[PDB]
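The residues making up each chain are set out below.
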Amino acid sequence: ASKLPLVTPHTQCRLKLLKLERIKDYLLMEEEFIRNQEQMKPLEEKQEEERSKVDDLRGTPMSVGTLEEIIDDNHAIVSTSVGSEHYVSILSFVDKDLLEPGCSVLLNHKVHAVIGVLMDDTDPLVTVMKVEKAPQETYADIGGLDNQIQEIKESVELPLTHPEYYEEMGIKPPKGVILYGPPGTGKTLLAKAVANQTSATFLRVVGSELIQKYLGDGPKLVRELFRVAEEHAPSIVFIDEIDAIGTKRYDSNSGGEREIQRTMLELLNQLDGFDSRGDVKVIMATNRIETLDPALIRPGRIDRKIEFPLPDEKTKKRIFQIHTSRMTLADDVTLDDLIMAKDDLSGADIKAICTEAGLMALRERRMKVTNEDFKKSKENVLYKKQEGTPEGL
Amino acid sequence: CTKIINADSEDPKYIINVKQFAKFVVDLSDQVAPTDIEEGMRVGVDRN
Amino acid sequence: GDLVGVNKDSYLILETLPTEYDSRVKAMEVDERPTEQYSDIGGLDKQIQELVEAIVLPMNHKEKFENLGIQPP
Ligand SMILES: Nc1ncnc2c1ncn2[C@@H]1O[C@H](COP(=O)(O)OP(=O)(O)OP(=O)(O)O)[C@@H](O)[C@H]1O
Ligand SMILES: [Mg+2]
C-alpha cells in the first residue's frame, strides 16, 4: 500500500534485512499510537459528518459528464451529455489518480465542478482474447517434449516465479519465443499449457483475424492488443498462425497485401521499437517459418526459437496412452503393433485415430474398443494423404 | 468554451460559436486584453 | 442567406455581419507574403514569362487585352 522501496541490494542480504526491520518498527510505533488514540477517542463521529459536508457540496442531482482535457492545474473541460463544453473547477475531494481524458466524470448540477468519477466496463477486448484455464488439460496431458517445455518454462514462467536469478546477474529475460515446426506437433498446446499454468493475463489471437476489410483496422487491432497488455500487469501474447500475416514481404504484389505489410510493420514496431515494451512477453507459432520476414524474427524481437519435431518411436506410445486413457479397451489391443509402423504419424493424427476408433466402437454398440477397430481406424485416417507416389521419389 | 470565428472592426466585437448551443456576437470582459484573442482560438465565456 | 445579428429576445435584425467562411478556407489565405524575387529562378526563362503574362499581366494592364478584343487566358 504505497510503501517505501528498500533499495538495498534487493537480494537476500543484511542491508535488505535492516532496511525492512526499520520499516517494520516504524509501522509498529504507528500502530501502537493509533490504537492508543482509538481507545482514547473513537473519532467515528468526527470522521463522519465529513461525508455529510461533502454530500452537501455535491448536490443530489449529480450529472455524469465526460472529461475531455485536464489543464494540469485542478481545472478541466467537462462535456455534458448533449455535447456542450464547459470549463469547470476540480474540487479537492476527487481522487485525481482516477482522472484521465475520456473518464465519466460526475459534475455538479448548477456549477458542473468536477466532484467524482465512475468505473467503466472491463471489456474493450479483455474478455474476447483472454483464454482463462485451458479446457483441454494441464502439463499432465503433454508428454515427449521435456526439453521444449523446459525452454518455455525458463523463457516465460521462470522470470515471473523467481526474478532473483535473472536479477542477480543483470540480464533481462529473453524477449519472445517463436514456436516453429511441422503441422500437428504441439505448439498451440504447449502455449495453452504455459498459459493455464502461469499467473499473468494470457491473450491469444489468430493471424487471419488481423486481416481486416476496412483500411487501417488491422494496425488499430494490433495497437490495441498491445495496449491492453500493459494495463494488465505481467501479460503474455500468443499470435498463432502468424504466417498468414507475416510473410517474406515480396514487393511485387498488389491488392490487400499492402495492408498486410503495414500491419506487419505495426507489430514489428510494437515488439521492439522506440518505447520500452514494459512487462509483456510475446509467443508466436508458425507451421511454415522459412517464409517469415527477417525483421520480425530477428534477435532482439524473438530471441528464442524452438523447433518441434514429430514423435519418433516412444512419444508415440506416450501420446497414444494419453488419448486412449479414457476408454474401455478390449484386452487384445496391440498398441505397439499400431506404433511400430514408421508411418510418420503426427500428434493430431494420433488424436484423430483415437477419436475415430472410439466413434466406430460406439457405432457397433460394443461396450469396449477392439484392436481390429484401432487398426481399421488407422488405415482410414492415413487414407487422407494422397499425392503423387512415384513423383519426387 | 466557445470557438471564436471572427473579430470584426477594431472595436472589440467577437463572433463565437458555442458547440451545439448557439452562435453569438459578444464582447471582452475586462480581464482579457484585446491582443490575447485571435481568430480561431477557443475562448471561455460566462453563462449570462 | 445573409448574416445578420438579432436581439436575444425580441428577434429583430439589428446589424449586418461579414459573411461566414469555413475556418479551413480562411486558413488557406496568404498573410506572410513570401519574398523570392524573379532572380532566384534561373534556367526556366520561357516558363516564367508564360506564367507571368498569363496571371499577372491581365491584372495590371487590362487595357491591352481589351484593345485587342481578346479575353485573356
Ligand atoms: N505431445 C503431445 N501431447 C499431447 N497432445 C498432443 C501432443 N502432440 C499433439 N497433441 C495433440 O495435438 C492436438 C492439436 O493441438 P496442438 O495445440 O498440438 O496443435 P499445433 O501443433 O499448434 O498445430 P498447428 O501447427 O496446426 O498450429 C492437441 O489437441 C493435442 O491433443
Ligand atoms: Mg501446430
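Per-chain numbering applies: from 1 upward along each written sequence, possibly unlike the entry's numbering, with residues missing coordinates excluded. Here every chain gets a letter starting at A, and every ligand a number starting at 1, in the order they are written. Summary scope: the chains shown constitute part of a larger assembly, and all values are computed over the shown part. Note that water and hydrogens are dropped before the side-chain values are worked out from all heavy atoms of the structure. Residues with missing side-chain atoms are left out of burial classes, side-chain pairs and their counts.

**Q** Can you break down the sheet that holds strand β5 (residues 105-107) of chain A residue by residue, with the values?
**A** All names here are of chain A. Following DSSP output, two strands are said to pair if at least two bridges run between them. The helix and strand labels rest on DSSP assignments: H or I over at least four residues marks a helix, E over at least two residues marks a strand, and numbering proceeds from the N terminus. Taken in spatial order, the 3 strands of this open sheet run β1-β5-β6, and their pairing is antiparallel. Single-partner strands in this sheet number two, and they are β1 (63-64) and β6 (114-117). Sheet topology note: the β1/β5 ladder contains 2 bridges and is antiparallel. Following the sheet pairing, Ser63 is matched in β5 by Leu107.

**Q** Any chance you could break down the sheet that holds strand β4 (residues 85-89) of chain A for me, citing the residues and the numbers?
**A** Within a sheet, adjacent strands bond to each other through the backbone by hydrogen bonds, running parallel or antiparallel. Residues and elements named next belong to chain A. Spatial strand order, β2-β3-β4: 3 strands in an open sheet with antiparallel pairing. Bordering the open sheet on either side are β2 (66-70) and β4, each of which pairs with just one other strand. Averaged over neighbouring strand pairs, the angle between their axes works out to 35 degrees when direction is ignored. Between the N-to-C directions of two axes lies an angle of 0 to 180 degrees, each axis being a line fitted to C-alpha atoms and, for a helix, fitted only over the stretch in contact.

**Q** Summarise helix α10 (residues 314-323) of chain A; cite the residues concerned and give the values.
**A** Residues and elements named next belong to chain A. Taken together, the buried positions of α10 are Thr315, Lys316, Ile319 and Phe320. Each buried residue of α10 sits inside an arc of 140 degrees when the element is viewed along its axis, so together they form one side. On the buried face of α10, the contacting elements are α11 (335-339) and α12 (347-363). Burial classes follow relative accessibility: with a 1.4 Å probe on protein chains only, a residue under 20% of its type's maximum area counts as buried, one over 50% as exposed, and anything between as partly exposed. Here the arc refers to the set of directions running from the helix axis out to each C-beta atom. Only heavy atoms enter the contact rule, under which two residues are in contact if any of them lie within 4.5 Å.

**Q** Provide a residue-level description of the site of ligand 1, including the pertinent values.
**A** Residues and elements named next belong to chain A. In this text, near means that some heavy atom of the residue lies within 4 Å of the molecule or strand in question. Neighbouring residues of ligand 1: 15 residues in total, closest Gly143, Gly186, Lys187, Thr188 and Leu189. We define a polar contact as two N or O atoms separated by no more than 3.5 Å, with the added condition that, inside protein, one atom must be a possible hydrogen donor and the other a possible acceptor, whereas residues neighbouring each other in sequence contribute only through side-chain atom pairs. Interatomic distance of 3.0 Å between a backbone N/O atom of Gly143 and a nitrogen atom of ligand 1. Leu189 places a polar main-chain atom, nitrogen or oxygen, 2.5 Å from an oxygen atom of ligand 1. For ligand 1, the protein covers 81% of the area, taking 620 Å² as the surface of the free molecule. Comparing atom positions with the cavity grids shows ligand 1 to sit within the second largest pocket. Of all the secondary-structure elements, those providing two or more residues to the shell around ligand 1 are α7 (187-197), α10 and α12. Looking at which element gives the most residues to the shell around ligand 1, the answer is α7, with 3 residues. Grouping the amino acids of the shell around ligand 1 by side-chain chemistry returns 5 nonpolar, 7 polar and 3 charged. Values of accessible area rely on a 1.4 Å probe in the Shrake-Rupley scheme; residue burial ignores everything except the protein chains shown. Here a cavity means grid points, on a 1 Å grid over the protein atoms only, where a 1.4 Å probe fits yet cannot get out; a pocket means an open set of points with protein on both sides within 12 Å along at least five of seven lines; lining residues are those with an atom within 4 Å of a point. Put plainly, a molecule is in a cavity or pocket when over half of its atoms are within 2 Å of the grid points there. Charged residues are taken to be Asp, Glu, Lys and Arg, nonpolar residues to be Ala, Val, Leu, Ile, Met, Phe, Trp, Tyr, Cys and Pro, and polar residues to be all remaining types, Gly included.

**Q** Which residues make up the interface of chain A and chain B, and what are the values?
**A** If you look at the interface, chain A gives 7 residues, while chain B gives 4 residues. For the pair chain A and chain B, the summed buried surface comes to about 530 Å²; carbon and sulfur atoms form 50% of the total. By definition here, a salt bridge exists when the distance from a side-chain nitrogen of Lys or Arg to a carboxyl oxygen of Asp or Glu is within 4 Å. Between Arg42(B) and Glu69(A) there is a salt bridge, with its nearest N and O atoms 3.5 Å apart. On inspection of chain A and its partner chain B, the count reaches 1 residue pair in polar contact. Summed over both partners, the accessible area lost on bringing two parts together, with a 1.4 Å probe, is the buried area.

**Q** Describe in detail the layout of surface pockets, supporting the description with residues and values.
**A** All names here are of chain A. Grid points are joined across faces, edges and corners, and a volume is the space filled by probe spheres set on the points. Roughly 770 Å³ of volume is contained in the second largest pocket. Considering the residues around the second largest pocket, the lining is formed by 31 residues, among which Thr185, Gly186, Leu189, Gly347 and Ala348 are closest to the centre. Sorting the residues of the lining of the second largest pocket by element identifies α7, β10 (280-286), α10 and α12 as the ones contributing at least two each. Among the elements that make up the lining of the second largest pocket, the one with the highest residue count is α10 (5 residues). In terms of residue class, the lining of the second largest pocket is built from 11 nonpolar, 13 polar and 7 charged.

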